[PDB]
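1. Experimental structure and sequence below, a few questions after.
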There are 2 protein chains.
Amino acid sequence: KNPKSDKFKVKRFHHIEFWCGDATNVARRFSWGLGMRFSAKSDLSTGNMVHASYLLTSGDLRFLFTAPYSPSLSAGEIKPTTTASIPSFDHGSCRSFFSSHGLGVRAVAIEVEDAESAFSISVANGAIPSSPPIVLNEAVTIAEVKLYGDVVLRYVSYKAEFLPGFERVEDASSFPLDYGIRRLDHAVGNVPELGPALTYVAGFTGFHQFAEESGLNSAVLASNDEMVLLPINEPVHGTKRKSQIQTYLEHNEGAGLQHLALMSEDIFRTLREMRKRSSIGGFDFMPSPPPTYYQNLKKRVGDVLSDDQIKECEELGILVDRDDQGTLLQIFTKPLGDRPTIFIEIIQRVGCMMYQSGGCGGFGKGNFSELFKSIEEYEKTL
Amino acid sequence: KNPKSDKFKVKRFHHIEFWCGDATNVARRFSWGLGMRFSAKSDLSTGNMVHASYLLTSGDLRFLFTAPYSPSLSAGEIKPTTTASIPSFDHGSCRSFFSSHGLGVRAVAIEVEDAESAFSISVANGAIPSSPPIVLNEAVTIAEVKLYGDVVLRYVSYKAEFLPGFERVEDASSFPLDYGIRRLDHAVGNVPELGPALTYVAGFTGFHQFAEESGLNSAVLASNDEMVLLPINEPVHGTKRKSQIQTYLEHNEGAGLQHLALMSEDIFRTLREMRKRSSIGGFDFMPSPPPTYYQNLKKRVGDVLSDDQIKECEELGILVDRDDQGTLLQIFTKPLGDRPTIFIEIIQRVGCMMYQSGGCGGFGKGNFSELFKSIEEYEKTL
Ligand SMILES: Cc1cc(C)nc(-n2c(=O)c3c(C)c([C@H](O)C4[C@H](O)CCC[C@H]4O)ccc3n(C)c2=O)n1
Ligand SMILES: Cc1cc(C)nc(-n2c(=O)c3c(C)c([C@H](O)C4[C@H](O)CCC[C@H]4O)ccc3n(C)c2=O)n1
Ligand SMILES: [Co+2]
Ligand SMILES: [Co+2]
């Protein structure tokens, strides 16, 4: 069931903004590790005395990395005279976020039909305002409401190239890296209590519940065409192994974004390229499932994947799940930074052709049982 | 003249510590960009609840990257019960340093015969104490005094593997990168007033002055065998072009470390490898001198470098200077992070064979005039 109850017209995920201590070093690391090109900038060289912001892109995926300069460079400015290209930016909010949470996602940005109306309707329906609608160069409108913790849901709408005040990046600095990642599939929050978090967010968006012992409860909120997908997790206490959601909350100092799932047009090539770079500046992946997991794939998805394609999943540590509608290939990175908090998921979906409907195959919930069983079978085998 | 007036026995540069917002991302970026291997760690996986510290090495060059965790993880600790592996670390000092200065060098560490005696003699001779001598596992002693700004001169001495509490890094995480960098040649501070800075540092070390219109005055302090080299710069005001030292002080919020000069055993190979990676996660270099500069090298160092070796300098943007004792090959990176503050110099020295004496060829002061003249000649040519 999809009641299509969005209270305002939502299009697609637009970008993700990380708040950083040094945007240059995080952006260069992510660019090499994920195969994302340097696409735009707003910094001292573009007249921005307030913050350094660098945009990486791969297909439709947009990762923004932002850090504050010394407040002294902009001390004579006021908001009417600001040189910041992102008017919601605040030195104090950014420093406090990073000191509290470490490196992580400040903004989950979605493109909407009209950011001013989305902001008003959201707030009229319970959203806590964070930054009011601001029109940039009579061209782009941006507004922000609280999502969970210190993460904001950012609305952006365009009259008709990222944002005014950003400059497109010089070719020599723009190496055309590409490992096959094409768009953001979903963005996942960890919270202490799932119920109130869902009620808040579904309350002000109209997003509906998407139909779907290991330490979490989770549910997924979705827009009308189910292309904006926002899962939310809560911990389950008193288990044998401590909940990874609770470990997140402790190290993150509370709720925040847990993982970003990036859709690849070729998850085999993406993982080959990412794994080649894991130990030379890139990202590391979680430990691979045992061979028993891959023997069990024949019975589960042997009608979807060939023996060679299953063996390729085994070589790359790829996990596989399946819905009543489709099939899911997924893998998780180790944490992106110092703290055991945010990580990345790489994903590719098979099925649900109509274009492919959003969330085809689910989110991998079936792999909690399949991993456990396969680990037990492997332990008993040896 | 070398009076050999060190007040305590100094050996060599030991390491450089960067204070970071996220140590993981800076260390991975530096590793790929400079060809430095992941050598040791002290973090949550080693029992450190206080800070994440990662060590990169190339030859004798040691770069340490350190960031604080949430204070809540260590809130029940006291200094007698600390899990920090670096006892001078303080969450508040680190957060304040980074918020004030951005990414940069907190500690210039030198290996001494006895860190407790070096600390006592330094303080008895005017050094401002920063962290008292602390003996780690009855094996290593560490102590810190202020150098300039918020940069400390760290003393380390060994009874007889980086520091106790650090673990050597697993092979799979340790990719054996190497672009030829072998040791730290010198470390340079920017200060508002050179005179008092020199008098302070030379006062408590006994380091002597090393014998050597463009916006700076500078002088170099050196240990007895002149293998520890600490240049210090001050701005010169009222010039045509604004002093780069003054721009540093403004963006850094005061004095701090300006550049680290890394000696390569093969500066041609180092620059080839670094430039291949500039736009895929590595470091960018300053704009190359005009061809007139390289035509002028024949008259200056044609007895030192062949035509092919001069043409190789031209291909790589390498600068060349010469002493009465030796010849200097050098090049500078763009700033390492968001702010136009710290950068890196790659260097290789020819001559002064006895081993090679420290500082052979000077520090490139002759290239201020040579660059200007060659730019004027190139402008007139076109
Ligand atoms: C090393 C380690 C330690 C622990 C405690 N769990 C794991 N782990 C996962 O984190 C994991 C995740 C994050 C997902 C989804 O992506 C999420 C969806 O987007 C939203 C719905 C629920 C979310 O879980 C799916 C399966 C997972 N499976 C099987 C798993 O085993 N891995
Ligand atoms: C783009 C740009 C803009 C400006 C204002 N200056 C430059 N520049 C330099 O920064 C530069 C530096 C940093 C050095 C040494 O390494 C230092 C020694 O270690 C200590 C003694 C003095 C120190 O200068 C040598 C020559 C330099 N030359 C010729 C130059 O032109 N480059
Ligand atoms: Co997921
Ligand atoms: Co130098």
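-> Noted; the coordinates are in hand. Numbering: from 1, shown residues only, chains lettered A, B, ... in the order given. Ligands and ions are numbered 1, 2, ... in the order given.
2. Now do the contacts for residue A:149.
-> Applying CB atoms under 8 Å, 6 or more residues apart in numbering or on different chains to residue A:149 gives the contacts A:101, A:189, A:191, A:252, A:254-256. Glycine gets a C-beta too; all of them are placed from N, C-alpha and C.
3. hey, what's the spatially closest residue to residue A:41 that is not a sequence neighbour bridged with?
-> Setting aside the residues directly before and after it, residue A:41 is nearest to residue A:54 in space (CB to CB, 6 or more residues apart in numbering or on different chains), at 5.3 Å. On the basis of DSSP bridges, residue A:54 is bridged to residue A:41, residue A:65.
4. so how far is residue A:18 from residue A:54?
-> 10 Å (CB to CB, to the nearest Å).
5. which residues do those two both contact?
-> With CB under 8 Å, 6+ apart as the test, residue A:54 and residue A:18 both reach A:64-66.
6. Mind checking which of the residues you listed are buried?
-> Neighbour counting over the shared contacts of residue A:54 and residue A:18 (16 or more other CB atoms under 10 Å in any protein chain shown) leaves A:64-66 as the buried ones.
7. Count residues in the vicinity of the closest residue to chain B within chain A, would you?
-> At 2.0 Å from chain B, residue A:21 is the closest residue in chain A, using CB to the nearest CB. Neighbour count for residue A:21, taken as other CB atoms under 10 Å in any protein chain shown: 28.
8. check contacts around the residue nearest to it when sequence neighbours are not counted.
-> Nearest in space to residue A:21, with sequence neighbours left out and distances taken as CB to CB, 6+ apart, is residue B:21 at 2.0 Å. Listed by CB under 8 Å, 6+ apart, the contact set of residue B:21 reads A:20-22, A:67, A:98, A:102-103, B:67, B:98, B:103.
9. List phi and psi for residue B:21.
-> Backbone geometry at residue B:21, expressed as degrees, to the nearest 10, gives phi -80, psi -40.
10. And it, how close does it get to residue A:9?
-> Taken as CB to CB, the span from residue B:21 to residue A:9 is 37 Å.
11. residues in contact with the nearest residue to residue A:172 once chain neighbours are set aside?
-> Ranked by CB to CB, 6+ apart and with sequence neighbours excluded, the top spatial neighbour of residue A:172 is residue B:279, at 6.8 Å. Shown in contact with residue B:279 (CB under 8 Å, 6+ apart): A:38, A:172-175.
12. Repeat that for residue A:30.
-> With contact set as CB under 8 Å, 6+ apart, residue A:30 has these partners: A:36, A:56, A:63, A:65.
13. quick one: which of the residues you listed is most hemmed in?
-> residue A:65 (27 neighbours).
14. OK, contacts around that residue?
-> A:17-18, A:20, A:23, A:26-27, A:30, A:53-56.
15. how about those in CSV, adding secondary structure and distance to ligand 4?
-> Shown next, in CSV, are the contacts of residue A:65 (DSSP: H, G, I helix; E, B strand; the rest coil; distance: CB to the ion, whole Å):
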residue, secondary structure, distance to ligand 4
A:17, strand, 37
A:18, strand, 33
A:20, coil, 29
A:23, helix, 27
A:26, helix, 28
A:27, helix, 27
A:30, helix, 31
A:53, strand, 31
A:54, strand, 28
A:55, strand, 34
A:56, strand, 32
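16. which among these are in contact with ligand 3?
-> Near ligand 3, judged by CB under 5 Å from the ion, there are no entries from the contacts of residue A:65.
17. Take the residues you listed and write them to TSV, including distance to residue B:242.
-> TSV is the format used below for those (distance: CB to CB, whole Å):
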residue	distance to residue B:242
A:17	33
A:18	33
A:20	28
A:23	25
A:26	30
A:27	28
A:30	34
A:53	25
A:54	25
A:55	30
A:56	32
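18. Tell me the one among these nearest to residue B:74.
-> Comparing the contacts of residue A:65 against residue B:74 with CB to CB places residue A:20 closest, at 23.5 Å.
19. Measure how buried the closest one is and give me the count.
-> Residue A:20 has 30 neighbouring residues, counting by other CB under 10 Å.
20. So it sits against residue A:63, correct?
-> No. If you go by CB atoms under 8 Å, residue A:20 and residue A:63 don't touch, sitting 11.1 Å apart.
21. and for these two, which residues touch both?
-> Here residue A:20 and residue A:63 have residue A:27 as joint contacts, going by CB under 8 Å, 6+ apart.
22. that older thread, and the two most separated of the contacts of residue B:21?
-> Spatial extent of the contacts of residue B:21 (CB to CB) is set by the pair A:102 and B:103 at 14.8 Å.
23. If you count surrounding residues, which of the two has more?
-> Under the criterion of other CB under 10 Å, the comparison of residue A:102 against residue B:103 puts residue A:102 first, with 29 against 25.
24. which element is the residue lying closest to that one once chain neighbours are set aside on?
-> Spatially, and ignoring its direct neighbours in sequence, residue A:102 is nearest to residue A:339 (4.5 Å; CB to CB, 6+ apart). Using DSSP states H and E, residue A:339 sits in no helix or strand.
25. Against residue A:331, how distant is residue A:339?
-> According to CB to CB, residue A:339 stands 21 Å off from residue A:331.
26. for residue A:292, same thing?
-> Relative to residue A:331, residue A:292 is positioned 18 Å away (CB to CB).
27. and what of residue A:245?
-> Taken as CB to CB, the span from residue A:245 to residue A:331 is 20 Å.
28. and what of residue A:230?
-> From residue A:230 to residue A:331 the distance is 21 Å (CB to CB).
29. So which residues of the stretch 201-350 of chain A form helices?
-> Here the stretch 201-350 of chain A has its helices, by DSSP state H, counting those that start in this stretch, at A:244-252, A:267-276, A:291-295, A:297-301, A:307-316.
30. I meant the stretch 1-150 of chain A, not that one.
-> A:23-34, A:91-101, A:115-124.
31. so which of those helices is the most packed in?
-> Most buried of the helices of the stretch 1-150 of chain A, by mean neighbour count (mean count of other CB atoms under 10 Å in any protein chain shown): helix A:23-34, with a mean of 27.
32. could you check the angle helix B:23-34 makes with it?
-> Angle between the axes of helix A:23-34 and helix B:23-34 is 70 degrees (criterion: axes from the mean of the first three to the mean of the last three CA atoms, to 10 degrees).
33. before we move on, the earlier item: of the contacts of residue A:30, closest to ligand 3?
-> For the contacts of residue A:30, the residue nearest ligand 3 by CB to the ion is residue A:63; the value is 17.0 Å.
34. Grab the nearest non-local neighbour of residue A:4.
-> Residue A:4's closest residue in space is residue A:224 (CB to CB, 6+ apart), at 4.5 Å.
35. isn't residue A:332 right up against residue A:363?
-> No. Under the criterion of CB under 8 Å, residue A:332 is not in contact with residue A:363, lying 11.9 Å apart.
36. what about these two, which has more around it?
-> Under the neighbour definition other CB under 10 Å, residue A:332 and residue A:363 were set side by side, and residue A:363 has more, 23 against 17.
37. Just the buried residues from the contacts of residue A:149, in ChimeraX please.
-> Buried residues among the contacts of residue A:149 (16+ other CB under 10 Å), as a ChimeraX selection:
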select /A:101,189,191,252,255,256
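38. So what sits opposite residue A:110 in the bridge?
-> Beta-bridge partners, per DSSP bridges, of residue A:110: residue A:13, residue A:155.
39. which ones are touching it?
-> Listed by CB under 8 Å, 6+ apart, the contact partners of residue A:110 are A:10-14, A:153-156, A:228.
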